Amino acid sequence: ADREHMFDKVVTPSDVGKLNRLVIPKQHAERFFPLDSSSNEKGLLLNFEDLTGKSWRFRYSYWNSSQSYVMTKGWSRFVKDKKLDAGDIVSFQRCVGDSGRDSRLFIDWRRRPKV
């Protein structure tokens, strides 16, 4: 594995519910991605590869409505496939040395508590 850990997050109840969106904490949104409240509202399309090699297509945007940076599109399908719940972890990595729009990005998760 040649990947740099970017950040993890404890999944909240709203991250797995019918709002079908993941909130990205501000300290990570405002480190690894280029958007802010002035950016075009469509945001950016990002691909995240999981450990099996499947690529998940997410949209990353800033929702002025809730003053939050969020992932949508494939996020809800990822929650449904992995059966995520509040208290689980979601984590993001990138190939070492990658940066910017073309970064090769990865997603992983942990269902908790550990058995």
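The numbering used is simple: start at 1 and walk along the sequence shown.
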| property | result |
| --- | --- |
| Higher-scoring stretch by recorded Cα B factor average, 19 to 27 or 94 to 102 | 94 to 102 |
| Assigned third (lowest, middle, highest) for the C-alpha B factor of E41 | middle |
| Third of chain Cα B-factors occupied by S76 | lowest |
| Third of the chain, ranked by Cα B-factor, where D8 sits | highest |
| Entry-reported Cα temperature factor of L51, expressed as the chain third it lands in | highest |
| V70 CA temperature factor, ranked by third within the chain | lowest |
